[PDB]
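Just below is one structure, and these are the notes that go with it.
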Amino acid sequence: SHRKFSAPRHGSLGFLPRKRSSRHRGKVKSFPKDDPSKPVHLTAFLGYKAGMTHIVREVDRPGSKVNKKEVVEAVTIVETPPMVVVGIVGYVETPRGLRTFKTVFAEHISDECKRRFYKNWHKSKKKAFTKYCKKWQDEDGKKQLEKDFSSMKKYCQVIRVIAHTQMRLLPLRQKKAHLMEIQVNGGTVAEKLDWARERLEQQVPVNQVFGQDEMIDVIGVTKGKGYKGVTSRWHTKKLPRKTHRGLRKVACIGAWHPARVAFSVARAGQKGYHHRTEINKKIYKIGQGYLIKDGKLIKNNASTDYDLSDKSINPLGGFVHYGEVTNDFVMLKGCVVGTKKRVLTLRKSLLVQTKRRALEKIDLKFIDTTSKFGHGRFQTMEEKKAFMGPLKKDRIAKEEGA
Amino acid sequence: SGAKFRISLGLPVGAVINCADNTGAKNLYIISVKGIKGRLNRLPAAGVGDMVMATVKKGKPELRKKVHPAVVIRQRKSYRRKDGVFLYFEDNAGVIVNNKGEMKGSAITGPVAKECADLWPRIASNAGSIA
Amino acid sequence: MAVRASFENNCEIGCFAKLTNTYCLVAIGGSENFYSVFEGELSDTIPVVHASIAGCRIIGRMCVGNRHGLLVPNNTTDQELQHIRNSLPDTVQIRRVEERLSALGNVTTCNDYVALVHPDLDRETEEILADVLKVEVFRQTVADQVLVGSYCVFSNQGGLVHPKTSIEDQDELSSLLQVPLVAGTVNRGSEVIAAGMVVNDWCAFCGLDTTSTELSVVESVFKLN
RNA sequence: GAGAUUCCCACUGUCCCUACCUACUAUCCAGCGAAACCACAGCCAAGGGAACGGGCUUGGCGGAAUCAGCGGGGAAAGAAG
RNA sequence: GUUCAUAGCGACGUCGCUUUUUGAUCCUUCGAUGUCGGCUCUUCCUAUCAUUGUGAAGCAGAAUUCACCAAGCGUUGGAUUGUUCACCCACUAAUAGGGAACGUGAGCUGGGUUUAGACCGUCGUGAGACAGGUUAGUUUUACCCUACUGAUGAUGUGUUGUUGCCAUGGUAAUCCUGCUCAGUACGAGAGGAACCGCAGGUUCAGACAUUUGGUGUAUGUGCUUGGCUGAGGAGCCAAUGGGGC
Ligand SMILES: [Mg+2]
Ligand SMILES: [Mg+2]
Ligand SMILES: [Mg+2]
Ligand SMILES: [Mg+2]
Ligand SMILES: [Mg+2]
Ligand SMILES: [Mg+2]
Ligand SMILES: [Mg+2]
Ligand SMILES: [Mg+2]
Ligand SMILES: [Mg+2]
Ligand SMILES: [Mg+2]
Ligand SMILES: [Mg+2]
Ligand SMILES: [Mg+2]
Ligand SMILES: [Mg+2]
Ligand SMILES: [Mg+2]
Ligand SMILES: [Mg+2]
Ligand SMILES: [Mg+2]
Ligand SMILES: [Mg+2]
Ligand SMILES: [Mg+2]
Ligand SMILES: [Mg+2]
Ligand SMILES: [Mg+2]
Ligand SMILES: [Mg+2]
Ligand SMILES: [Mg+2]
Ligand SMILES: [Mg+2]
Ligand SMILES: [Mg+2]
Ligand SMILES: [Mg+2]
Ligand SMILES: [Mg+2]
Ligand SMILES: [Mg+2]
């Protein structure tokens, strides 16, 4: 008989293999459709989830309650040191799908990049690409490389560049760089090969890939929660307190017929560490990173047009469980999948952004830099020392400091 | 124009809130909330600025055994106000109105939430203060 | 002359405007059909400012002004205070009072020369009225009703009052303000006069639902056209 | 009155609507080590059939060895209703 | 149906479909297939309540009614009752109807029926009986096979790694309100829309912890009861002593 009252289904069947992701990086799975009329550009980037904070800005949404008003909005900081291009892949269109046609790797592959090719770097002889790089010098190898480029030019439909991150610039323990194929869009195959060939061994900063106040897609793996039951995994209703063999369960897992448990019934297992793709994440700010012209510049990270405070994006006492952010960063609006220091893929939007939520100019008034390691109440060190005055440890130090 | 943003409700069906107007009613017993489609097992809940159906449990005897439209003007549950302000009141209070939105009474004791005042101009006129 | 108007299909146009002989505050959430009626029917000289207070549109109930001065309540942001200042003629001075009874239009009404006030105004704010609105503050309210501001609208030529005022309170009132007060309604039966109407000395805006018969009394008492 | 019932105040996670923590388990390991049950066994749809098949017919198909769970089936077990 | 059989209905007759009613039968089960309802949860049907696109009217507008494609999505919160049904309150776009061993008890519960105690009414000489009422009454086992959920692995490419492609399977978004259009079209009047546009919400989904809240044995830091170390200081025990943050 029919269930007595209608209720919507718990959870989505569009994410059914609710399993641990087979990858840790998070792959793009769909690059923006290429049109030759556009200029040659990259479509993706790799960043690392540093942490969250909130900002104050004025909204320019006419007809809204918050028009010309101040709002406080949570943001996510994604540290994005420049990518290094080390290779080019060409793909050819076949009636069986895209297939890899030819791959050409640059000379002088970085040491952190070469770590990706080894499961045990410590015991390795570091021999990877040692014989390959020799063919960039002799004329016989150089002729073969030119044929590989010419063959890519006349046969391939889409080309991609292999780019890796720079572990030495991050406060993380991992020294193994993250490799990634980033599709090159916007031109003829000959033009994008010439463009990519100039970028070999070069650094591509994030401001060359993405821009201010544009909406991108974030691809990554969510936080792992381990083995979970149906109440936490599928958010089903808890059974009453009087239930004998347990109440954090699903009471009926199917009718007598079809005499099997259907794939659509909520059951316990892995929760979290799933590959997810969130679209429409606006870029509130692209931070400029630390410089040294005469002294170290940090103002270009958290000072606004209305703050004018010499402070960086780093909270007081540092980002919790991440470290200190010293490179370029992207300030995304809202939350982003993954733990701290989880590698994230930023991808250009596959859609056309025409709504007024998109194409809206973002002008920050304030960036919060209070300590996130507790209920922080001070934006900067200097503000805290001015408020509290000298302390006992300052006195005993100044006593020794004469 | 501009519509009301979502706020934390905190007043399900069966909550007894204070009656802040001079109608002689002392409390309002919420029996349903206007505009609630529903969900299996979910109680219809209201925040400030929400029109509710309420009966007065104590007060003048000519108001008791009836159903009155009412609007929540204060709530004890904290709610975010789109500028990072989490505001809550000392008590849950509401006033008795009609379906058109004007009050049966003529004065309001205590503050009225800004979310309720903007959405109901007849309530806002009788408000001593808007918080 | 009584023009009818509505803010966003709401007749309570006393909630969404403040007219004084010199400036006209109008609420922000609106849309031409309302702003016009002001700018149109207003006497060219008197600027029309789109304002808010605390973010809200009920600015007429949150604000008390005459030709001399505007008092805005403690919840007024300084982005707002500034924009009211940088829009009004610098005769009118703006002070952001700090009164427990924020609803300054519900709790005080003033023409160019007197103000009725609600019993419980802070003495402090009694002074900041009679020092900014160059007025003679008079803590008096009708029988029972303490929200003077909302139940009694007055100009410098006449004044309306809640229909349920006594002939005797009428009497006394019409002393203090030395203006002829008529008991009346607006928006077809509404006691809350101030909620329904905004008056100048040369113009009056009432809500779209004001009966002709009322429209008349308005004209008459306000000694308009 | 550890009797049956109805209402009210107070009270509360009974509930909205679930979350987190603690102990002991479960879990993995060293040692030790049962029992119930067992025609053969064990993926489905329809057909026909003792009129609800694991086996048969026709089709869908089918890839070693396993771990933690689970309660849809085995018209599961328990007892010559 | 003011006229007008067929906008919408349909007497007298007459042809069917369905197996969500109750019968009829007794084919399977009596070396037992756990017997009502509710809860939970999934899926399916369409004879469509709402929503999308439409045709018709005794369709001026608004509202409503009939029919088509159509099951994608939704169809609620409560008082009484064990109830299924029923009825009322209220919200709503709508509060449509059904199947799956009258889905679902090694999922629960045990209010009902249906053991043994007991009371009443009626019946019986009596023991006792009552699709009469009432009260109290043990709900056992999974570690096996499969199914399903997750987790290692396996075949082949000489070994091993990096980056990838996509066969195939799943699949997701939904509905409402306000402003404007517009007191406009239409209408004698009363009333009274819609397309574009804007601002928001409901249900659902996937996340996340900057903020607010919850937790808190960091057994972190104060406070505190009883006891104990001769006292101070420093601590400990009271199955987390209690409590604040
Ligand atoms: Mg149904
Ligand atoms: Mg039990
Ligand atoms: Mg923190
Ligand atoms: Mg329920
Ligand atoms: Mg079968
Ligand atoms: Mg027998
Ligand atoms: Mg026997
Ligand atoms: Mg006829
Ligand atoms: Mg037989
Ligand atoms: Mg059995
Ligand atoms: Mg069985
Ligand atoms: Mg049909
Ligand atoms: Mg059954
Ligand atoms: Mg069962
Ligand atoms: Mg059982
Ligand atoms: Mg019983
Ligand atoms: Mg018995
Ligand atoms: Mg007898
Ligand atoms: Mg007993
Ligand atoms: Mg085990
Ligand atoms: Mg597919
Ligand atoms: Mg679906
Ligand atoms: Mg002690
Ligand atoms: Mg001591
Ligand atoms: Mg001891
Ligand atoms: Mg003891
Ligand atoms: Mg606490």
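By order of appearance in the structure tokens: chains A, B, ..., then residues from 1 within every chain, and ligands from 1 in the order shown.
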key: Spatial neighbours of segment 26-29 of chain D, max dist 12 Å, only C-alpha atoms (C1' of nucleotides), sep filter under 2 positions, as a PyMOL selection string   = (chain A and resi 227) or (chain D and resi 24+31+67-69)
query = Would you give me, as number ranges by chain, the residues in segment 100-316 of chain A that DSSP reads as helix (DSSP H, G or I)?
reply = A: 111-117, 133-136, 139-155, 167-169, 189-198, 206-208, 230-233, 299-301
inquiry  = Residues of chain B classed as strand (DSSP E or B) by DSSP on the backbone are to be reported as a PyMOL selection string.
reply    = chain B and resi 11-12+16-19+21+27-33+45-46+51-55+68-74+79-80+86-87+93-97+103+108+111-112+129-130
inquiry  = Residues contacting ligand 15 - anything with an atom at most 8 Å away, using only C-alpha atoms (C1' of nucleotides) and all ligand atoms - can you give me those as a ChimeraX atom specification?
reply    = /E:34,105-106,139
Writing out the chosen residues with C-alpha atoms (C1' of nucleotides) as a PDB file, in the first residue's frame:
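Ended up saving to result_4.pdb:
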ATOM      1  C1'   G E  34       4.348 -14.164  12.911  1.00  0.00           C
ATOM      2  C1'   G E 105       7.498  -6.974  13.733  1.00  0.00           C
ATOM      3  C1'   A E 106      15.583 -11.471  13.382  1.00  0.00           C
ATOM      4  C1'   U E 139       7.534  -9.291  21.132  1.00  0.00           C
TER       5        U E 139
END
Selection: 12 Å around residue 36 of chain D, only C-alpha atoms (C1' of nucleotides), excl. self and same-chain fewer than 3 positions, as a PyMOL selection string = (chain D and resi 77-78) or (chain E and resi 141-144)
Could you write out the selected residues, including N, CA, C and O atoms (P, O5', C5', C4', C3', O3' and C1' of nucleotides), as a PDB file, in the first residue's frame?
ATOM      1  P     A D  77      13.370 -22.167   7.892  1.00  0.00           P
ATOM      2  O5'   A D  77      14.188 -22.081   9.249  1.00  0.00           O
ATOM      3  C5'   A D  77      15.497 -22.613   9.346  1.00  0.00           C
ATOM      4  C4'   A D  77      16.099 -22.324  10.693  1.00  0.00           C
ATOM      5  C3'   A D  77      15.317 -22.833  11.887  1.00  0.00           C
ATOM      6  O3'   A D  77      15.558 -24.199  12.154  1.00  0.00           O
ATOM      7  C1'   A D  77      15.940 -20.598  12.261  1.00  0.00           C
ATOM      8  P     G D  78      14.350 -25.162  12.566  1.00  0.00           P
ATOM      9  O5'   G D  78      14.067 -24.801  14.087  1.00  0.00           O
ATOM     10  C5'   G D  78      15.117 -24.739  15.037  1.00  0.00           C
ATOM     11  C4'   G D  78      14.706 -23.940  16.245  1.00  0.00           C
ATOM     12  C3'   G D  78      13.451 -24.408  16.963  1.00  0.00           C
ATOM     13  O3'   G D  78      13.728 -25.437  17.900  1.00  0.00           O
ATOM     14  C1'   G D  78      13.426 -22.039  16.688  1.00  0.00           C
TER      15        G D  78
ATOM     16  P     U E 141      17.190 -11.408  20.264  1.00  0.00           P
ATOM     17  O5'   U E 141      17.947 -12.470  19.360  1.00  0.00           O
ATOM     18  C5'   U E 141      18.730 -13.492  19.949  1.00  0.00           C
ATOM     19  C4'   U E 141      19.250 -14.442  18.908  1.00  0.00           C
ATOM     20  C3'   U E 141      19.778 -13.791  17.642  1.00  0.00           C
ATOM     21  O3'   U E 141      21.117 -13.358  17.790  1.00  0.00           O
ATOM     22  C1'   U E 141      18.323 -15.571  17.080  1.00  0.00           C
ATOM     23  P     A E 142      21.602 -11.957  17.187  1.00  0.00           P
ATOM     24  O5'   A E 142      22.092 -12.328  15.725  1.00  0.00           O
ATOM     25  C5'   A E 142      22.876 -13.487  15.500  1.00  0.00           C
ATOM     26  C4'   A E 142      23.235 -13.630  14.048  1.00  0.00           C
ATOM     27  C3'   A E 142      23.874 -12.413  13.412  1.00  0.00           C
ATOM     28  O3'   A E 142      25.260 -12.333  13.689  1.00  0.00           O
ATOM     29  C1'   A E 142      22.158 -13.228  12.010  1.00  0.00           C
ATOM     30  P     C E 143      26.031 -10.935  13.599  1.00  0.00           P
ATOM     31  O5'   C E 143      27.039 -11.144  12.388  1.00  0.00           O
ATOM     32  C5'   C E 143      28.440 -11.232  12.607  1.00  0.00           C
ATOM     33  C4'   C E 143      29.015 -12.532  12.103  1.00  0.00           C
ATOM     34  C3'   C E 143      28.180 -13.275  11.062  1.00  0.00           C
ATOM     35  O3'   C E 143      29.045 -13.886  10.108  1.00  0.00           O
ATOM     36  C1'   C E 143      28.596 -14.686  12.895  1.00  0.00           C
ATOM     37  P     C E 144      28.674 -13.860   8.550  1.00  0.00           P
ATOM     38  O5'   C E 144      27.951 -15.252   8.298  1.00  0.00           O
ATOM     39  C5'   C E 144      28.691 -16.458   8.212  1.00  0.00           C
ATOM     40  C4'   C E 144      27.979 -17.474   7.360  1.00  0.00           C
ATOM     41  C3'   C E 144      27.592 -17.005   5.971  1.00  0.00           C
ATOM     42  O3'   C E 144      28.660 -17.109   5.050  1.00  0.00           O
ATOM     43  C1'   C E 144      25.742 -18.068   6.993  1.00  0.00           C
TER      44        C E 144
END
